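Data block below; observations after.
Throughout, a chain's letter reflects where its sequence line sits, starting with A, and its residues are numbered from 1. Whatever order the structure lists ligands and atoms in, that order sets their numbers, starting from 1.
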Amino acid sequence: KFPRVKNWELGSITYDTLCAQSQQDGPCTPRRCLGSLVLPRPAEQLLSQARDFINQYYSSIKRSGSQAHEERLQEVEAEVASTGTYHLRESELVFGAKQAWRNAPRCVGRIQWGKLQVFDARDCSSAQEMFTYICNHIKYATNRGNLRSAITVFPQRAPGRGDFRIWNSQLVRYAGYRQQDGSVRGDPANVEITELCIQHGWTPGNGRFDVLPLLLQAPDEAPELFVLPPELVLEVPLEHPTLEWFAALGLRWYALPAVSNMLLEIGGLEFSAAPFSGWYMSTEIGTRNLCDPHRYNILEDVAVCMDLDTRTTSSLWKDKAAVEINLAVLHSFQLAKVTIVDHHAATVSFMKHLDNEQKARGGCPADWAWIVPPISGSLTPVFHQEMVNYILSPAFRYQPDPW
Amino acid sequence: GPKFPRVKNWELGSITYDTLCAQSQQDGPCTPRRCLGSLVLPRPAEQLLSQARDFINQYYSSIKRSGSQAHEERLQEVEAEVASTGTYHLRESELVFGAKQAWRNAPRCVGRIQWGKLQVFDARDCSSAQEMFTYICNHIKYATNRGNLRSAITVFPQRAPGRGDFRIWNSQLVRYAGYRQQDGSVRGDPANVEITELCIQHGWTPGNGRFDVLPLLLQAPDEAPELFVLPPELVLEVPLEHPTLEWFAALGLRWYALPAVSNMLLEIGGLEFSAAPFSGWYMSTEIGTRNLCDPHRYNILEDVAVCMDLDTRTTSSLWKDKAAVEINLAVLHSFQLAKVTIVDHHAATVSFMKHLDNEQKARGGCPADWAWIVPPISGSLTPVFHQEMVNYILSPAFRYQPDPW
Ligand code: HEM
Ligand code: HEM
Ligand SMILES: Cc1cc(N)nc(COC[C@H]2C[C@H](OCc3cc(C)cc(N)n3)CN2)c1
Ligand SMILES: Cc1cc(N)nc(COC[C@H]2C[C@H](OCc3cc(C)cc(N)n3)CN2)c1
Ligand SMILES: C[C@H](O)[C@H](O)[C@H]1CNc2nc(N)[nH]c(=O)c2N1
Ligand SMILES: C[C@H](O)[C@H](O)[C@H]1CNc2nc(N)[nH]c(=O)c2N1
Ligand SMILES: [Zn+2]
């Protein structure tokens, strides 16, 4: 049996046959579905993953079964047999990084997957070098507001030593300062990384939007602190197209969403530092980062400004304030000429992506709870689309925090 | 730590382990290779006895007589009855417990804080389609209660060896007609096109409004279904108006008060009640977001947006989100003014959080289908969005059953 995949808005049905290519198990069993969980509940092993990925590469260049292909498999085989590990060619790494993004079930922006600038930073040998590579990545990806997707790939994990790691979860993060009375100034998601920075000698600020330094770690060395040059970090002040008081709230967000703590696995090799970036979907800022109760949590503030009845849920003050906040993010990014996509256009493009993938691969792994936006869910076409979730490799994965 | 699913709330940082899922007998659609959690419907002898025994064990625990002589005597009586007849029958109080437990077990229901408060009408004596109709009208009158709604279920005779089933053909007790037009479009509710055409094939004289209440197609064992028209005064409806947008009343939208599901199968201890309609009261997003705004339902978003003078030419105006919000407010405001029970999606999800905590203490978990529990607008503004959920099938259960035709 292969999954029957139905779109309930259009009545149309596909069959996912790509899932038969999944070799790693997810959290679910026939007794209980764990799909809404955020976190996961020898040589021949590496060699099978290596061969499989090499097959994937030559197939993609249509040079499958060629001399090139067989000699490459021998190279890989010779290298593992002797050393217990192997190394990728730049063009394989480029193929792998794109494929990991393509395979990411939680990403709504995968229509873009083939357009990814890949920086090879595998010849990096010190935190200092990592920093130079990160600055170049930011500068390239930011591109004065015309954002471009990128990944920078630092040296792979090696059996004999500690990993290269970027301690920060993103390249741009706002500080969160825990108060004597347990409350937080700034971004409560970043309390622990903020405290780590101070401990490693950073002089903290005291605002709501202090950009953090990076903690960069070369193998088996203490992490080192690096302040990002302010001109590298493009920010967008938030105003609303009609509500004049909104600017007065003093809100802002950074242009570049760059994830820096996930592991990139290609052909059984692991890349513990491989930060990647695209551009934001407006709801990530407008809804989650500004309105989550455990984030900046501004809904009440905005509601009171809008003069709404806060005393009762059934006035839908929360819903009304959230909408205006998302509109402000969209307005302000557009005014600043910084790339952003609203949730309607994003989910429409993802639908087109599902269809391209169906034709190209016979399916697409997608995590419904993550694809459907956090406001206006059923107003988007993805709400009504069934989705099958499973792990393909190359993959982006979670990995433990390095402290 | 514990060898049971770890369940996390990301807003509060709190952890639980679901131990109840261990009591699941029935497998769902997922495997280690792939998750099918988002699919709406992915497709006895000793078999009966073990379901029966398990159910009777559940019953005796719920009255704290587990292992008692009354418990062991009921088991023996069920065996003897299955021994000689191939089936058995539930005591009245077993039916009431089993119907509540089916609701309590339903992973897709956000209203389960109310599970213990369910009026169970025993209709296992019913023997004709005319009588089903009387029972149904009684249910509607009782449940509607002039706007002060009361949860209820009416249970008709169980499936029986050889003999044909009791079936209510309609998916809900109240449904608006859907008339396929010459141009391929639909007047009324497109969800109801098929049941509308079945009603006509069976002799109903079709109206031609957007809100025509359907007759009921009721089927008694081994008989062709019969058509019954609900007396209009039994069907409470609420005209829709908006608290400040005066033109919204001019749209002539309305919805009915009573959500009453009529085509699901209630299964208790292996027994199958193929006709067992149940009702509660609406959460406002069901009406204002799904029924009114789905592109494949009334699809009114654009009309409302145009009336609101929004820029419908560009996704990034968020005209959809604005219209949807006002439509939801209209639903809430209009039900409040009409004194008809309704709950908004914030009040509902907060109450479901409380339900989760009660069930954690009572049974060590609660089966929950996240995609269904999280509302269709304002998802992450509700506390359930940030709550991990474990989905599994327990019995007694409400289940889908194929359409009788
Ligand atoms: C080009 C514009 C892009 C958009 C609009 C976009 C959109 C998104 C969104 C909205 C999420 C959910 C994020 C959250 O809720 O925190 C996400 C997740 C993700 N996207 Fe993207 N994406 C983009 C590019 C990329 C790129 C370039 C990569 C990697 C090369 C990527 C890989 C991922 C991954 C791995 C996740 C899952 C993160 C996690 O599990 O926490 N995306 N994407
Ligand atoms: C007390 C008021 C109640 C509220 C607010 C409520 C709320 C809801 C909502 C919002 C849904 C999802 C609806 C949809 O998207 O189609 C639902 C599903 C359901 N509820 Fe309730 N509920 C209530 C009472 C009941 C009662 C009395 C029962 C049965 C005894 C019940 C059993 C169910 C079942 C079985 C489903 C799943 C239907 C399906 O899979 O299609 N609920 N509930
Ligand atoms: C590339 C990209 C584009 C775009 N528009 N948005 C993104 C946002 O991804 C942010 C990533 C980082 C958080 O990590 C979640 C998380 C948190 C924790 C505490 C543990 C864990 N395993 N995972 C949630 N999603 C990334
Ligand atoms: C009792 C109750 C209270 C309340 N507030 N809301 C409800 C909503 O239940 C409505 C029921 C009817 C649709 O059935 C879903 C469905 C449709 C189809 C065609 C197939 C399927 N498997 N499932 C959605 N759920 C029920
Ligand atoms: C528990 C639940 O799965 C969790 O809140 C998820 C839901 N969907 C999400 N979807 C996106 N895009 N990002 C998220 O962080 C989450 N959080
Ligand atoms: C594909 C997806 O499962 C489908 O659209 C679901 C999503 N969540 C839902 N949630 C509820 N409460 N009701 C529904 O009908 C649906 N539809
Ligand atoms: Zn699952």
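At a heavy-atom cutoff of 4.0 Å, ligand 5 is contacted by both the backbone and the side chain of B:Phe385. Here B:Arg290 has no heavy atoms under 4.0 Å from ligand 2, in either its backbone or its side chain. Contacts between B:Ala152 and ligand 2 below 4.0 angstrom, taking non-hydrogen atoms only, are absent altogether. Counting heavy atoms under 4.0 Å from ligand 5, residue A:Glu284 does not touch it at all. Residue-level proximity to ligand 2 for B:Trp281 is carried by backbone and side chain together, each with a heavy atom below 4.0 angstrom. If you look at A:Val38 next to ligand 5, the close heavy atoms, those under 4.0 Å, all belong to the side chain.
No more than 12 heavy atoms of other residues, nucleotides or ligands lie within 6.0 Å of CZ in A:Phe2, so this atom counts as exposed by the packing criterion.
Protein heavy atom at the shortest distance from atom 7 (C) of ligand 2 is B:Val110 CG1, 3.8 Å. The protein heavy atom nearest to atom 38 (C) of ligand 2 is B:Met264 SD, 4.1 Å. With respect to atom 8 (N) of ligand 5, the closest heavy atom belonging to the protein is A:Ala369 O, 2.9 Å. In terms of protein heavy atoms, atom 29 (C) of ligand 2 is closest to B:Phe278 CD1, 3.1 Å. Ranking the protein heavy atoms by distance from atom 39 (C) of ligand 2 puts B:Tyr400 OH, 3.2 Å first. The nearest heavy-atom contact from the protein to atom 16 (O) of ligand 2 is B:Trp372 CZ3, 3.7 Å. Among protein heavy atoms, atom 36 (C) of ligand 2 sits closest to B:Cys109 CB, 4.3 Å. Shortest contact from atom 11 (C) of ligand 2 to any protein heavy atom: B:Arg108 O, 3.9 Å. Scanning all protein heavy atoms for the shortest distance to atom 26 (C) of ligand 2 gives B:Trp103 CE2, 3.2 Å.
By the 3.5 Å distance cut-off applied to N or O atoms, A:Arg288 is counted among the residues near ligand 5. Between B:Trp10 and ligand 5, a contact under 3.5 Å exists for no N or O pair. Of the N or O atoms in A:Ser36, one or more lie within a sub-3.5 Å distance of an N or O in ligand 5. Remark: ligand 2 and B:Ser151 share no N or O pair separated by less than 3.5 Å (distance only, no angle test).
If you number the atoms of ligand 2 from 1 as listed, the ones under 4.0 Å from a heavy atom of B:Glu286 come out as 10 (C), 13 (C). Counting atoms of ligand 2 from 1 in the listed order, those under 4.0 Å from a heavy atom of B:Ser279 are 27 (C). Within ligand 2, counting atoms from 1 as listed, the ones closer than 4.0 Å to a heavy atom of B:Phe398 are 29 (C), 30 (C), 35 (C). Within ligand 5, counting atoms from 1 as listed, the ones closer than 4.0 Å to a heavy atom of B:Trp370 are 2 (C), 7 (C).
Nearest heavy-atom pair, B:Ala257 versus B:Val340, reported as atom, atom and distance to 0.1 Å: CB-CG1, 3.5 Å. When all heavy atoms of B:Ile136 and B:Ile168 are compared, the closest pair comes out as CD1-CD1, 4.1 Å. When all heavy atoms of B:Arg124 and B:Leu90 are compared, the pair lying nearest together is NH1-O, 2.8 Å. Of all the heavy atoms in B:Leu332 and A:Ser314, the pair that sits closest is CD1-O, 3.6 Å. What you find for B:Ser262 and B:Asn170 is that their closest heavy atoms are OG-O, 2.6 Å. Here the closest non-hydrogen pair linking A:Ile325 and A:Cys291 is CD1-SG, 3.6 Å.
Residue B:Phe121 forms a ring-ring contact (aromatic ring centres under 6.0 Å, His included) with just one option from B:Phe278, B:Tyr135, B:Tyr142, and that option is B:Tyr142.
Geometrically, B:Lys117 does not engage B:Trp115 in a cation-pi contact, judged by NZ or CZ lying under 6.0 Å from the ring centre and within 45° of the ring axis.
For the residue pair B:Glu388 and B:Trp10, a side-chain donor N or O sits within less than 3.5 Å of a side-chain acceptor on the partner. Between the side chains of B:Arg363 and B:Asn358, not a single donor N or O lies within less than 3.5 Å of an accepting N or O.
Relative ring orientation between B:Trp255 and B:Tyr298 is described as perpendicular, the plane-to-plane angle rising above 60° on a 0-90° scale split at 30° and 60°.
A:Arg110 places a side-chain N or O within donor-acceptor distance of the main-chain N or O of A:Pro105, the cut-off being under 3.5 Å.
Ligand 5 has no atom lying under 4.0 Å from any heavy atom of B:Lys8.
Between A:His343 and A:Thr380 the shortest side-chain heavy-atom distance falls below 4.5 Å.
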